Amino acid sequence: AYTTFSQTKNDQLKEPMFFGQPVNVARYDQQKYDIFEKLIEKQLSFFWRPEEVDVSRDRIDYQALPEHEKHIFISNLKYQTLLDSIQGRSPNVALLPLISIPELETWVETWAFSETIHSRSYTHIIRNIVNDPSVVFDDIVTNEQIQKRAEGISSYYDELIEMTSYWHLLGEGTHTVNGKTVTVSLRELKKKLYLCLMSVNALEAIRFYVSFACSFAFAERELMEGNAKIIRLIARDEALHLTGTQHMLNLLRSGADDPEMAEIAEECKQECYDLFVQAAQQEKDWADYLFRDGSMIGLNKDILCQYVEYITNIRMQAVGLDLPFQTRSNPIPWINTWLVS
């Protein structure tokens, strides 16, 4: 029931962000929510090319690293690579079929495109630091600890996509498919979208930021500086991406965009809270493992657990959730040097 060009003339300023009439004309002279047009403009202004960053000294730095620090560095880079592989395709496959205002549709396609640049930059780094990149890329898919740390991200997107297909094909109701009852509920689909957007917010606003702490701890020691320059550009984009999901989530919960969505958000406040705490716990578990063969220099599992708690509290407060952790000031203020946002 989805269409690439809805033939009904509609007022795009009055449609909800999601589940309304599919967007027909792509226009940018007006918007329901100007934050999305501002984000498109900023992201276009930040366009960068990975190939332009010099990573020629990173190979020697990496080879000089102690084995446990090589492990920390490459494990962290593999996780960044996994997250951006998912983020280049997923916002497009999962959200585009559900968006009903043009500025949000183009923001999603712009956001997803920017993630493909991030994926291209990891290839540029990897190719310049190991003789055979396949060694690194082939360990991402079945790497035990990576799977563990990112567990559940692909499932939230996959479940939302499956439910969306059933809704577009069959519509609301109680259906049968090959002898089994299949219930399609718009309310349940709205809940799946909300929890998925909350997960994306945790992904870009907490999972990536923990990864930036690792990358920039090397930059502080003047090591892996090509990687550092790339991660700096990636973090500048991720700040926009987190800004977009925070606004989506706050507009949905306030009730100003879709009243039903506001009721749904309040109804799963406890679920949302526990999923954020679970994301935090997975990052802690990763840090504990990664810093087992030996803590790095300027970073260790305890400093990293503290940073995870610090940033989780900030991000949860930004979308109206209670704080799960003791409040403290930033345990690694030096990181602000690198987060030019």
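Quick note: we count residues from 1 along the sequence shown, nothing fancier.
For the two regions 139-147 and 241-249, the entry's Cα B-factors average higher over 139-147. Looking at mean Cα B-factors across 189-197 and 213-221, the upper value is held by 213-221. Comparing C-alpha B-factors across 68, 42, 315, 32 in the deposited entry, the largest value falls on 68. Note on 158, 263, 105, 84: the highest value goes to 263, judged by CA B factor as recorded. For residue 308, the recorded CA B-factor ranks within the middle third of the chain. Only modelled residues enter the ranking.
Among the modelled residues of its chain, residue 62 has a C-alpha B-factor that falls in the middle third according to the deposited record.
Ranked against the other modelled residues of its chain, the C-alpha B-factor of residue 327 as given in the entry falls in the highest third.
Sort the chain's modelled residues by C-alpha temperature factor and residue 319 lands in the middle third, per the entry. Ranked against the other modelled residues of its chain, the C-alpha B-factor of residue 276 as given in the entry falls in the middle third.
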